[PDB]
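Okay, coords38.txt is below, compact mmCIF, C-alpha atoms:
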# COMPACT_ATOMS: atom_id res chain seq x y z
CA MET A 1 0.00 0.00 0.00
CA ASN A 2 1.09 3.49 -0.86
CA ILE A 3 -0.33 7.07 -0.76
CA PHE A 4 -1.93 6.79 -4.17
CA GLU A 5 -3.77 3.53 -3.48
CA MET A 6 -4.88 4.89 -0.16
CA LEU A 7 -6.38 8.04 -1.64
CA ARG A 8 -7.89 6.12 -4.50
CA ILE A 9 -9.80 4.11 -1.86
CA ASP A 10 -10.89 7.21 0.00
CA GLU A 11 -11.93 9.40 -2.92
CA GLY A 12 -13.01 7.06 -5.69
CA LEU A 13 -12.55 7.67 -9.47
CA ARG A 14 -15.26 9.54 -11.35
CA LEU A 15 -14.83 10.51 -15.02
CA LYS A 16 -17.73 12.93 -15.02
CA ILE A 17 -18.39 16.17 -12.99
CA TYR A 18 -19.93 15.07 -9.77
CA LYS A 19 -20.72 16.61 -6.59
CA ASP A 20 -18.78 15.93 -3.49
CA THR A 21 -20.25 15.18 -0.08
CA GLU A 22 -20.17 18.91 0.68
CA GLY A 23 -22.07 19.89 -2.41
CA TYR A 24 -19.16 20.85 -4.61
CA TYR A 25 -18.16 20.23 -8.10
CA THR A 26 -15.39 17.64 -8.24
CA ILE A 27 -13.97 15.39 -10.93
CA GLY A 28 -11.53 12.40 -11.15
CA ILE A 29 -9.95 11.37 -7.85
CA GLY A 30 -11.21 13.98 -5.40
CA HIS A 31 -10.13 16.88 -7.58
CA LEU A 32 -12.26 19.85 -6.42
CA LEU A 33 -13.14 22.10 -9.29
CA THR A 34 -15.08 24.94 -7.67
CA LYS A 35 -17.06 25.80 -4.60
CA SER A 36 -19.32 27.86 -6.92
CA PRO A 37 -22.84 26.83 -7.52
CA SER A 38 -22.51 27.01 -11.22
CA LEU A 39 -22.15 23.91 -13.25
CA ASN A 40 -21.07 26.31 -15.87
CA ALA A 41 -18.34 27.68 -13.66
CA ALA A 42 -17.28 24.05 -12.97
CA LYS A 43 -17.03 23.15 -16.64
CA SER A 44 -14.95 26.23 -17.24
CA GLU A 45 -12.51 25.36 -14.46
CA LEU A 46 -12.31 21.87 -15.87
CA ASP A 47 -11.31 23.01 -19.35
CA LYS A 48 -8.78 25.33 -17.76
CA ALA A 49 -7.37 22.48 -15.65
CA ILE A 50 -7.20 20.02 -18.64
CA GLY A 51 -6.21 22.41 -21.44
CA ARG A 52 -9.00 21.06 -23.66
CA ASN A 53 -12.74 21.38 -24.15
CA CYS A 54 -13.96 18.56 -22.04
CA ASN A 55 -17.56 19.38 -21.52
CA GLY A 56 -17.63 17.74 -18.12
CA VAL A 57 -15.85 14.66 -19.20
CA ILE A 58 -12.39 13.33 -18.89
CA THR A 59 -10.38 10.26 -19.64
CA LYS A 60 -8.85 8.01 -17.01
CA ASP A 61 -5.49 9.27 -18.05
CA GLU A 62 -6.52 12.87 -17.37
CA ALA A 63 -7.82 11.90 -13.88
CA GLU A 64 -4.41 10.37 -13.07
CA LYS A 65 -2.49 13.38 -14.27
CA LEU A 66 -4.64 15.59 -12.03
CA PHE A 67 -4.11 13.12 -9.16
CA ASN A 68 -0.34 13.15 -9.58
CA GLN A 69 -0.45 16.94 -9.47
CA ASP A 70 -2.62 17.03 -6.36
CA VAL A 71 -0.53 14.59 -4.37
CA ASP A 72 2.65 16.49 -5.24
CA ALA A 73 1.14 19.84 -4.30
CA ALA A 74 0.03 18.27 -0.97
CA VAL A 75 3.53 17.02 -0.19
CA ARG A 76 5.28 20.28 -1.20
CA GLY A 77 2.67 22.18 0.79
CA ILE A 78 3.35 20.29 4.02
CA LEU A 79 7.13 20.78 3.56
CA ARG A 80 6.82 24.53 3.03
CA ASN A 81 4.49 24.89 5.93
CA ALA A 82 5.88 25.91 9.35
CA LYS A 83 3.21 24.15 11.27
CA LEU A 84 3.05 20.94 9.26
CA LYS A 85 6.68 20.37 8.34
CA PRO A 86 7.85 19.56 11.85
CA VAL A 87 5.03 17.15 12.46
CA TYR A 88 5.76 15.40 9.14
CA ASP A 89 9.49 15.19 9.91
CA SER A 90 8.75 13.59 13.22
CA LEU A 91 6.60 10.80 11.76
CA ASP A 92 7.20 7.26 10.47
CA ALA A 93 6.35 6.44 6.83
CA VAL A 94 2.79 5.19 7.38
CA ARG A 95 1.66 8.05 9.57
CA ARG A 96 3.25 10.37 7.02
CA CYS A 97 0.74 9.04 4.47
CA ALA A 98 -2.10 9.82 6.84
CA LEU A 99 -1.15 13.52 7.17
CA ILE A 100 -0.76 13.64 3.38
CA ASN A 101 -4.29 12.26 3.11
CA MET A 102 -5.72 14.94 5.42
CA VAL A 103 -3.93 17.66 3.53
CA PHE A 104 -5.06 16.48 0.14
CA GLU A 105 -8.62 16.47 1.42
CA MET A 106 -8.72 19.54 3.52
CA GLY A 107 -5.89 21.78 2.52
CA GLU A 108 -2.83 22.91 4.46
CA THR A 109 -4.74 25.66 6.15
CA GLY A 110 -7.41 23.30 7.40
CA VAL A 111 -5.04 20.72 8.79
CA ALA A 112 -2.84 23.44 10.20
CA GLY A 113 -5.87 24.34 12.32
CA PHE A 114 -5.93 21.04 14.24
CA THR A 115 -3.42 22.49 16.69
CA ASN A 116 -3.96 20.12 19.53
CA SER A 117 -3.93 16.90 17.56
CA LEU A 118 -0.77 17.97 15.66
CA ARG A 119 0.89 18.47 19.06
CA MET A 120 -0.12 15.06 20.26
CA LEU A 121 1.11 13.47 16.99
CA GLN A 122 4.49 15.18 17.38
CA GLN A 123 4.59 13.81 20.87
CA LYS A 124 3.74 10.25 19.68
CA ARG A 125 0.61 10.13 21.83
CA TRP A 126 -1.26 7.90 19.48
CA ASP A 127 -4.44 7.18 21.51
CA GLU A 128 -4.87 10.71 22.67
CA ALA A 129 -4.41 12.09 19.20
CA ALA A 130 -6.98 9.60 17.73
CA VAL A 131 -9.51 10.70 20.36
CA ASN A 132 -8.99 14.42 19.64
CA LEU A 133 -9.15 14.10 15.82
CA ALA A 134 -12.62 12.50 16.15
CA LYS A 135 -13.92 15.65 17.77
CA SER A 136 -14.31 17.47 14.59
CA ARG A 137 -16.80 18.40 11.98
CA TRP A 138 -14.59 16.28 9.66
CA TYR A 139 -15.26 13.11 11.55
CA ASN A 140 -18.97 13.86 12.08
CA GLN A 141 -19.58 14.57 8.35
CA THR A 142 -17.51 11.61 6.88
CA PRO A 143 -17.01 9.13 9.69
CA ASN A 144 -15.96 6.06 7.62
CA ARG A 145 -13.06 7.84 5.77
CA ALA A 146 -12.19 9.83 8.90
CA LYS A 147 -12.06 6.55 10.89
CA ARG A 148 -9.70 4.98 8.41
CA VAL A 149 -7.27 7.97 8.61
CA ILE A 150 -7.54 8.08 12.38
CA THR A 151 -6.82 4.34 12.69
CA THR A 152 -3.79 4.86 10.44
CA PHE A 153 -2.49 7.49 12.88
CA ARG A 154 -3.36 5.38 15.86
CA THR A 155 -1.62 2.19 14.76
CA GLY A 156 0.91 3.23 12.25
CA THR A 157 -0.26 0.25 10.07
CA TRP A 158 -2.35 -0.16 6.90
CA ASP A 159 -4.91 -2.25 8.67
CA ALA A 160 -7.93 -0.07 8.00
CA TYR A 161 -7.38 -0.16 4.22
CA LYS A 162 -6.45 -3.75 3.96
CA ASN A 163 -9.85 -5.01 3.24
CA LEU A 164 -10.72 -2.14 0.81
For the file at hand, write its structure as structure tokens.
Amino acid sequence: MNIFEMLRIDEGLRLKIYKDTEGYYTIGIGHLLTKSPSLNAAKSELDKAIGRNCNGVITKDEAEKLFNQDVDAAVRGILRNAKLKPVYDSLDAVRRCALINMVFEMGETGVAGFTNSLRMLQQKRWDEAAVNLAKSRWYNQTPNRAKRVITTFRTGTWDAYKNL
């Protein structure tokens, strides 16, 4: 298991504009297009992102390209961020994937806001961090994906994805 397989499990693969759990326009593997209510705005962002007139539809190849871009931006973002970088540096390889996952989903700014949990992760207080992370809108809105990430932080193993 690796970061890509893990996020492919969490986000799915959709070749047509769809709406996320939050109501927004997304395509491919969790690639948010816009928070705007306009399907027309969405289609315009899509064309812009792809470099072609897609009309809401992309190829599997295009989804993967987007995905590669997103994962990379997530990693560089953590490493350029003063709050995240030190937590990432302190972690083992598996738990590193978990932070990557949170950042890809919620942005650097959003994860940077989980002050307390980041502090417990840096301190290797696995159980306490898992308990604090669950006290979030994040967990309440998408409990199954949140539980998988949380278990990954708790155990430092791929157990929660192993079935999936």
Using all atoms listed in the file, I'd like a table of the residues in stretch 3-59 of chain A that come within 12 Å of stretch 97-103 of chain A; for each, show the closest atom pair and its distance in Å rounded to one decimal, ordered by chain and ascending number, as a Markdown table.
| residue | atom | partner | partner_atom | distance |
| --- | --- | --- | --- | --- |
| A:3 | CA | A:97 | CA | 5.7 |
| A:4 | CA | A:97 | CA | 9.3 |
| A:5 | CA | A:97 | CA | 10.7 |
| A:6 | CA | A:101 | CA | 8.1 |
| A:7 | CA | A:101 | CA | 6.7 |
| A:8 | CA | A:101 | CA | 10.4 |
| A:9 | CA | A:101 | CA | 11.0 |
| A:10 | CA | A:101 | CA | 8.9 |
| A:11 | CA | A:101 | CA | 10.1 |
| A:30 | CA | A:101 | CA | 11.1 |
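Within 6 Å of stretch 148-163 of chain A, once all atoms listed in the file are used and residues closer than 3 positions along the same chain are dropped, the contacting residues are residues 94, 95, 98, 126, 130 and 145 of chain A.
Separating atom CA of residue A:25 from atom CA of residue A:57 is a distance of 12.6 Å.
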> Using all atoms listed in the file, which residues sit within 9 Å of residue A:27 once same-chain residues fewer than 5 positions away are excluded, as a PyMOL selection string?
Replying inline: chain A and resi 13-20+32-33+46+56-58+63
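Among the candidates A:78, A:164, A:50, A:91, the one nearest to residue A:122 when counting only C-alpha atoms is A:91.
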> So how many Å separate atom CA of residue A:89 and atom CA of residue A:113, to one decimal?
Replying inline: 18.0 Å
